[PDB]
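Raw run33.cif, mmCIF, C-alpha atoms and all ligand atoms:
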```
data_model
loop_
_atom_site.label_atom_id
_atom_site.label_comp_id
_atom_site.auth_asym_id
_atom_site.auth_seq_id
_atom_site.Cartn_x
_atom_site.Cartn_y
_atom_site.Cartn_z
CA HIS A 3 -67.33 -58.92 17.70
CA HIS A 4 -64.07 -60.86 18.31
CA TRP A 5 -61.57 -59.64 20.91
CA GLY A 6 -58.41 -57.68 20.26
CA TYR A 7 -56.74 -54.64 21.76
CA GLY A 8 -58.71 -51.74 20.27
CA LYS A 9 -61.19 -49.38 21.91
CA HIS A 10 -64.18 -51.50 20.94
CA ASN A 11 -62.86 -55.04 21.51
CA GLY A 12 -60.12 -54.34 24.02
CA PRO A 13 -59.35 -55.98 27.35
CA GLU A 14 -62.16 -54.02 29.14
CA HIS A 15 -64.65 -55.75 26.93
CA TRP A 16 -63.28 -59.30 27.29
CA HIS A 17 -65.46 -60.30 30.34
CA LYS A 18 -68.55 -60.08 28.11
CA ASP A 19 -67.54 -63.23 26.14
CA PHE A 20 -65.11 -64.66 28.77
CA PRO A 21 -66.66 -64.21 32.22
CA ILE A 22 -63.49 -65.68 33.71
CA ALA A 23 -61.92 -62.28 32.83
CA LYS A 24 -63.15 -61.18 36.29
CA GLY A 25 -61.85 -64.36 38.08
CA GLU A 26 -59.67 -64.95 41.19
CA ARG A 27 -56.44 -65.93 39.49
CA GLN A 28 -56.24 -63.49 36.59
CA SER A 29 -53.00 -62.45 34.88
CA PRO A 30 -50.93 -60.32 34.51
CA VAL A 31 -50.42 -58.60 37.88
CA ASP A 32 -48.12 -55.87 39.28
CA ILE A 33 -45.18 -57.44 41.20
CA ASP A 34 -44.61 -55.59 44.51
CA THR A 35 -41.06 -56.41 45.41
CA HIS A 36 -41.47 -55.40 49.04
CA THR A 37 -44.52 -57.66 49.52
CA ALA A 38 -43.12 -60.67 47.60
CA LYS A 39 -42.07 -63.44 50.01
CA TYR A 40 -38.68 -65.07 49.71
CA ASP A 41 -39.43 -68.83 49.83
CA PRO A 42 -36.24 -70.79 50.56
CA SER A 43 -38.00 -74.05 49.77
CA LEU A 44 -38.13 -72.88 46.15
CA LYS A 45 -35.79 -74.90 43.95
CA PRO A 46 -33.67 -73.51 41.16
CA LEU A 47 -35.31 -73.60 37.74
CA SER A 48 -34.15 -76.28 35.27
CA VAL A 49 -34.15 -75.28 31.59
CA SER A 50 -33.12 -78.01 29.13
CA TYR A 51 -33.35 -76.46 25.69
CA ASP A 52 -30.40 -78.16 23.98
CA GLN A 53 -32.61 -80.46 21.79
CA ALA A 54 -35.18 -77.75 20.96
CA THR A 55 -36.83 -78.02 17.52
CA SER A 56 -38.54 -74.94 16.21
CA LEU A 57 -40.82 -75.53 13.26
CA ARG A 58 -42.72 -72.38 12.33
CA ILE A 59 -43.35 -68.69 12.94
CA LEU A 60 -46.95 -67.49 12.63
CA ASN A 61 -48.87 -64.21 12.73
CA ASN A 62 -52.14 -65.14 14.43
CA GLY A 63 -53.54 -61.63 14.39
CA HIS A 64 -52.71 -60.82 18.04
CA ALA A 65 -48.99 -61.59 18.17
CA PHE A 66 -46.46 -63.80 16.42
CA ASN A 67 -45.78 -67.31 17.75
CA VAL A 68 -42.62 -69.31 17.22
CA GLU A 69 -43.85 -72.95 17.48
CA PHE A 70 -41.83 -75.99 18.56
CA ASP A 71 -42.15 -79.72 18.13
CA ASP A 72 -43.61 -80.97 21.48
CA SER A 73 -44.08 -84.61 20.36
CA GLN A 74 -41.39 -85.60 22.85
CA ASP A 75 -39.41 -84.25 25.80
CA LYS A 76 -37.04 -82.14 23.63
CA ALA A 77 -37.25 -78.67 25.26
CA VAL A 78 -38.45 -78.86 28.86
CA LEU A 79 -38.70 -76.86 32.05
CA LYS A 80 -38.76 -78.35 35.59
CA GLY A 81 -37.68 -77.53 39.15
CA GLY A 82 -38.52 -74.06 40.50
CA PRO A 83 -42.02 -74.30 41.93
CA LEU A 84 -42.98 -77.06 39.44
CA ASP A 85 -43.80 -80.75 39.94
CA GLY A 86 -43.24 -82.71 36.71
CA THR A 87 -42.01 -81.96 33.23
CA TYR A 88 -43.34 -79.13 31.16
CA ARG A 89 -42.70 -79.12 27.42
CA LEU A 90 -42.12 -75.90 25.46
CA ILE A 91 -44.88 -75.61 22.86
CA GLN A 92 -44.42 -71.91 21.72
CA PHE A 93 -43.02 -68.53 22.65
CA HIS A 94 -44.43 -65.12 21.79
CA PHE A 95 -44.14 -61.42 22.70
CA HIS A 96 -46.25 -58.53 23.96
CA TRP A 97 -44.99 -54.98 23.08
CA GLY A 98 -45.87 -51.31 23.05
CA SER A 99 -46.36 -48.44 20.61
CA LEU A 100 -43.59 -46.65 22.59
CA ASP A 101 -40.62 -47.72 24.67
CA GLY A 102 -42.51 -46.85 27.90
CA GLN A 103 -45.02 -49.67 27.70
CA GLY A 104 -45.51 -53.14 26.20
CA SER A 105 -44.90 -55.59 29.12
CA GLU A 106 -47.91 -57.33 30.72
CA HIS A 107 -46.36 -57.87 34.19
CA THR A 108 -45.01 -54.72 36.02
CA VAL A 109 -42.38 -54.45 38.80
CA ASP A 110 -43.28 -51.85 41.45
CA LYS A 111 -45.56 -50.52 38.72
CA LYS A 112 -42.70 -50.12 36.20
CA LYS A 113 -43.58 -51.12 32.61
CA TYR A 114 -40.90 -52.57 30.25
CA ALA A 115 -40.76 -52.18 26.42
CA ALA A 116 -41.86 -55.75 25.84
CA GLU A 117 -42.34 -59.11 27.53
CA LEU A 118 -41.52 -62.57 26.12
CA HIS A 119 -43.57 -65.64 27.14
CA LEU A 120 -42.18 -69.19 26.80
CA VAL A 121 -45.19 -71.50 26.90
CA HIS A 122 -44.92 -74.94 28.53
CA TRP A 123 -47.51 -77.72 29.07
CA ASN A 124 -47.53 -80.35 31.86
CA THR A 125 -46.77 -83.74 30.28
CA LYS A 127 -48.90 -85.73 32.67
CA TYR A 128 -51.93 -84.32 30.73
CA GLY A 129 -50.79 -85.71 27.38
CA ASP A 130 -51.70 -82.79 25.07
CA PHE A 131 -51.79 -78.98 25.37
CA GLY A 132 -55.57 -78.92 24.99
CA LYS A 133 -56.04 -81.13 28.05
CA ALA A 134 -53.34 -79.24 29.99
CA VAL A 135 -55.17 -75.86 29.85
CA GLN A 136 -58.14 -77.44 31.59
CA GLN A 137 -55.94 -78.10 34.67
CA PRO A 138 -55.00 -75.85 37.58
CA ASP A 139 -51.33 -76.83 37.10
CA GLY A 140 -51.58 -77.39 33.34
CA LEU A 141 -49.11 -74.73 32.11
CA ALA A 142 -45.83 -73.13 33.12
CA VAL A 143 -45.07 -69.79 31.39
CA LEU A 144 -41.62 -68.20 31.66
CA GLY A 145 -41.99 -64.36 31.51
CA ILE A 146 -38.97 -62.31 30.39
CA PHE A 147 -38.85 -58.52 30.31
CA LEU A 148 -37.24 -56.64 27.46
CA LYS A 149 -35.71 -53.18 27.94
CA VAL A 150 -34.26 -50.99 25.08
CA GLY A 151 -30.46 -50.81 25.18
CA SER A 152 -27.97 -53.01 23.34
CA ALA A 153 -29.04 -55.43 20.56
CA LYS A 154 -29.78 -59.02 21.51
CA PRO A 155 -27.92 -61.17 18.96
CA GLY A 156 -30.03 -64.30 19.44
CA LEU A 157 -33.18 -62.29 18.68
CA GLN A 158 -31.98 -61.10 15.18
CA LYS A 159 -33.09 -64.27 13.30
CA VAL A 160 -36.59 -63.66 14.66
CA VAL A 161 -36.55 -59.97 13.71
CA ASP A 162 -35.36 -60.67 10.17
CA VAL A 163 -38.29 -63.03 9.33
CA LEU A 164 -41.08 -60.62 10.38
CA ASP A 165 -41.41 -59.04 6.91
CA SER A 166 -42.55 -62.43 5.67
CA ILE A 167 -45.40 -62.81 8.23
CA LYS A 168 -46.65 -59.23 8.18
CA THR A 169 -50.40 -59.88 8.22
CA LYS A 170 -52.73 -62.20 10.05
CA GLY A 171 -52.82 -65.84 8.99
CA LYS A 172 -49.35 -65.73 7.39
CA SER A 173 -46.71 -68.21 8.51
CA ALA A 174 -43.15 -69.15 7.68
CA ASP A 175 -40.82 -72.08 8.05
CA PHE A 176 -38.59 -71.41 11.09
CA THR A 177 -36.26 -74.32 11.96
CA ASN A 178 -33.00 -74.47 13.87
CA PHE A 179 -33.85 -71.50 16.16
CA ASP A 180 -32.21 -71.84 19.59
CA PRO A 181 -34.35 -70.38 22.42
CA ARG A 182 -31.28 -70.27 24.65
CA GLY A 183 -30.28 -67.01 23.01
CA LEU A 184 -33.24 -65.21 24.66
CA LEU A 185 -32.31 -65.95 28.33
CA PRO A 186 -30.91 -63.43 30.79
CA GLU A 187 -27.72 -64.55 32.56
CA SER A 188 -29.51 -65.12 35.94
CA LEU A 189 -32.52 -67.32 36.56
CA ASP A 190 -33.80 -65.56 39.74
CA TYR A 191 -37.55 -65.35 39.54
CA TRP A 192 -40.85 -64.50 41.10
CA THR A 193 -43.70 -67.03 41.06
CA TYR A 194 -47.49 -66.97 41.48
CA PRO A 195 -50.59 -68.84 40.24
CA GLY A 196 -52.39 -67.13 37.29
CA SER A 197 -54.10 -67.47 33.94
CA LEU A 198 -53.65 -67.10 30.20
CA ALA A 199 -53.28 -63.35 29.46
CA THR A 200 -55.41 -63.73 26.35
CA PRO A 201 -58.89 -65.26 25.84
CA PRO A 202 -59.94 -67.87 26.82
CA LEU A 203 -58.16 -66.57 30.01
CA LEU A 204 -58.16 -70.01 31.66
CA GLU A 205 -56.80 -70.12 35.17
CA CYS A 206 -54.28 -72.83 34.44
CA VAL A 207 -50.85 -71.26 34.70
CA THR A 208 -47.97 -71.20 37.10
CA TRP A 209 -46.11 -67.98 36.05
CA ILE A 210 -42.35 -67.81 36.43
CA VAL A 211 -41.12 -64.22 35.94
CA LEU A 212 -37.37 -63.60 35.70
CA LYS A 213 -35.96 -60.79 37.77
CA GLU A 214 -33.34 -59.88 35.11
CA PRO A 215 -34.51 -58.26 31.83
CA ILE A 216 -32.74 -58.79 28.49
CA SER A 217 -31.77 -55.76 26.37
CA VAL A 218 -32.84 -55.35 22.75
CA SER A 219 -32.12 -52.36 20.57
CA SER A 220 -34.58 -49.74 19.52
CA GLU A 221 -34.31 -51.02 15.93
CA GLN A 222 -35.09 -54.57 17.08
CA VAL A 223 -38.39 -53.44 18.76
CA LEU A 224 -38.95 -51.13 15.80
CA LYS A 225 -39.40 -54.19 13.58
CA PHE A 226 -42.11 -55.63 15.94
CA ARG A 227 -44.18 -52.51 15.50
CA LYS A 228 -44.40 -53.03 11.71
CA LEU A 229 -46.56 -56.15 11.98
CA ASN A 230 -50.27 -55.97 11.31
CA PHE A 231 -53.34 -57.08 13.25
CA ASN A 232 -55.25 -57.22 9.95
CA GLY A 233 -55.08 -59.89 7.29
CA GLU A 234 -53.88 -59.20 3.75
CA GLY A 235 -56.06 -56.87 1.67
CA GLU A 236 -57.50 -55.20 4.77
CA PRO A 237 -57.02 -51.69 6.11
CA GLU A 238 -53.72 -51.59 7.87
CA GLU A 239 -53.78 -51.60 11.67
CA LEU A 240 -50.29 -51.80 13.12
CA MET A 241 -49.68 -54.56 15.64
CA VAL A 242 -48.81 -52.50 18.80
CA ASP A 243 -49.96 -52.41 22.46
CA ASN A 244 -51.06 -56.13 22.43
CA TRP A 245 -50.68 -56.22 26.24
CA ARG A 246 -53.28 -56.81 28.93
CA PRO A 247 -53.10 -54.47 31.97
CA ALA A 248 -52.29 -55.75 35.49
CA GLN A 249 -55.23 -57.47 37.27
CA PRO A 250 -56.15 -57.61 40.97
CA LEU A 251 -53.89 -59.97 42.91
CA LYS A 252 -56.84 -60.84 45.20
CA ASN A 253 -56.08 -63.85 47.46
CA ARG A 254 -52.59 -64.56 46.06
CA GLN A 255 -49.02 -64.37 47.33
CA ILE A 256 -46.01 -63.74 45.09
CA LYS A 257 -43.05 -65.88 46.13
CA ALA A 258 -39.45 -64.99 45.37
CA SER A 259 -36.61 -67.38 44.67
CA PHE A 260 -34.03 -64.81 45.94
CA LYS A 261 -33.50 -62.32 48.75
ZN ZN B 301 -48.36 -63.92 26.41
#
```

Transcribe the structure of this file into structure tokens.
Amino acid sequence: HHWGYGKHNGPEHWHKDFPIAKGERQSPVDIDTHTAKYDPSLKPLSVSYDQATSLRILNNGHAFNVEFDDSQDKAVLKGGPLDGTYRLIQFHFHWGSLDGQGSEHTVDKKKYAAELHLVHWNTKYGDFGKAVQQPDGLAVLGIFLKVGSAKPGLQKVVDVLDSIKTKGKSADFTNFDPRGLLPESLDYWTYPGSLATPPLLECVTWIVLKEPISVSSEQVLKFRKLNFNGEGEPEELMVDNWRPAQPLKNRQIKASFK
């Protein structure tokens, strides 16, 4: 039937409806820090999130997305390995059933408790739907979460999850500042990849930050209470909604730092 993360519809089954699942620029991947090439021609990232406008939070049945108004150049990413302006459309998370897993990307095979993805679309393509059809259509910022101290700027998100427990539910979610979710340093790794969920289009330029942010146990605990199912259905907790590392194949991971 339709894809998810269970035994019967899990990532190992995805190729059957999305042949691109077995492609050349599949995501995520394991980041080998010894093999990653420091590229000194890489420019510093540019994050301008001061005019960000969140609108809504939604449970789509695979994660929760916080959506932004992308009608104009309000929250954009540029620089780094990018040419042009990329507009933030949404952000979402991937997390585990336990603290030892949940991240999609891995560092020297190390898994984090969760991974945040900030989704941006290349403005030269005019809409998100046209952007995903392009090799350089999207820029996704990947941020690792480790369990430690609470992240203050994540609390507003945590607190609204009770209201979007099941699939299809959504809530009003304005005045959220995405700046609260950034690590102090913007050192990153970059490589060419794809969407980590179906349709798995090979249209992304991943930007993975070296520095993880800490969240508390209690913060991640709230994630784990969400449901994959819609209301009035047998409860299936929303956990382990992460795709395993894929073959790097013919790709090189570049580093912005030594
Ligand atoms: Zn994602």

Pick the closest to residue 31 of chain A from A:74, A:105, A:136, A:244: which is it, counting all atoms listed in the file?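 Looking only at the distances to residue 31 of chain A, the closest residue turns out to be A:105.
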
In Å, how far is it from atom CA of residue 109 of chain A to atom CA of residue 47 of chain A?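 One can read the atom CA of residue 109 of chain A to atom CA of residue 47 of chain A distance as 20.4 Å.
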
Name the closest residue to ligand ZN 301 (chain B) among the candidates A:40, A:131, A:93, A:88; distances are taken between atoms, counting only C-alpha atoms and all ligand atoms. A:93

May I have the residues within 10 Å of ligand ZN 301 (chain B), computed using all atoms listed in the file, as a list in words? residues 29, 30, 64, 65, 67, 93, 94, 95, 96, 105, 106, 117, 118, 119, 120, 121, 143, 144, 145, 198, 199, 200, 244, 245 and 246 of chain A

Let me see the file: selected residues, C-alpha atoms, as an mmCIF file, in the frame of the given file.
```
data_model
loop_
_atom_site.group_PDB
_atom_site.id
_atom_site.type_symbol
_atom_site.label_atom_id
_atom_site.label_comp_id
_atom_site.auth_asym_id
_atom_site.auth_seq_id
_atom_site.Cartn_x
_atom_site.Cartn_y
_atom_site.Cartn_z
ATOM 1 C CA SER A 29 -53.000 -62.450 34.880
ATOM 2 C CA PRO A 30 -50.930 -60.320 34.510
ATOM 3 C CA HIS A 64 -52.710 -60.820 18.040
ATOM 4 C CA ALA A 65 -48.990 -61.590 18.170
ATOM 5 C CA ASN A 67 -45.780 -67.310 17.750
ATOM 6 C CA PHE A 93 -43.020 -68.530 22.650
ATOM 7 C CA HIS A 94 -44.430 -65.120 21.790
ATOM 8 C CA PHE A 95 -44.140 -61.420 22.700
ATOM 9 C CA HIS A 96 -46.250 -58.530 23.960
ATOM 10 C CA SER A 105 -44.900 -55.590 29.120
ATOM 11 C CA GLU A 106 -47.910 -57.330 30.720
ATOM 12 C CA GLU A 117 -42.340 -59.110 27.530
ATOM 13 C CA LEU A 118 -41.520 -62.570 26.120
ATOM 14 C CA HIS A 119 -43.570 -65.640 27.140
ATOM 15 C CA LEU A 120 -42.180 -69.190 26.800
ATOM 16 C CA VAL A 121 -45.190 -71.500 26.900
ATOM 17 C CA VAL A 143 -45.070 -69.790 31.390
ATOM 18 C CA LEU A 144 -41.620 -68.200 31.660
ATOM 19 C CA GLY A 145 -41.990 -64.360 31.510
ATOM 20 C CA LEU A 198 -53.650 -67.100 30.200
ATOM 21 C CA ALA A 199 -53.280 -63.350 29.460
ATOM 22 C CA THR A 200 -55.410 -63.730 26.350
ATOM 23 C CA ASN A 244 -51.060 -56.130 22.430
ATOM 24 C CA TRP A 245 -50.680 -56.220 26.240
ATOM 25 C CA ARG A 246 -53.280 -56.810 28.930
#
```

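With distances restricted to all atoms listed in the file, A:147 is the closest residue to residue 114 of chain A from A:66, A:128, A:194, A:147.
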
Exercise: residue 172 of chain A partners within 9 Å, all atoms listed in the file, chain neighbours under 3 positions left out, as a list in words: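 Using all atoms listed in the file, the neighbours found are residues 59, 60, 61, 62, 166, 167, 168, 169, 233 and 234 of chain A.
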
Would you list the residues near (-52.7, -78.1, 31.0), meaning any protein, DNA or RNA residue with an atom at most 9 Å from that point in file coordinates, counting only C-alpha atoms, as a list in words?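 These residues have at least one counted atom within 9 Å: residues 122, 123, 124, 125, 127, 128, 129, 130, 131, 132, 133, 134, 135, 136, 137, 138, 139, 140, 141, 142, 206 and 207 of chain A.
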
Centre and size of axis-aligned box enclosing segment 121-131 of chain A plus 3 Å each side, as AutoDock Vina command-line options:
```
--center_x -48.4 --center_y -78.6 --center_z 28.9 --size_x 13.0 --size_y 20.2 --size_z 13.6
```

Mind giving me the straight-line distance from atom CA of residue 115 of chain A to atom CA of residue 99 of chain A in Å, one decimal?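 Answer for the atom CA of residue 115 of chain A to atom CA of residue 99 of chain A separation: 8.9 Å.
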
I'd like to know which of A:14, A:214, A:205, A:34 is closest to residue 186 of chain A, using all atoms listed in the file. A:214

Length of the atom CA of residue 33 of chain A to atom CA of residue 188 of chain A vector [Å]: 18.2 Å

Taking (-54.8, -62.0, 42.3) in the file's own coordinates, collect the residues within 7 Å, counting only C-alpha atoms, and hand them back as number ranges by chain. A: 26-28, 249-254
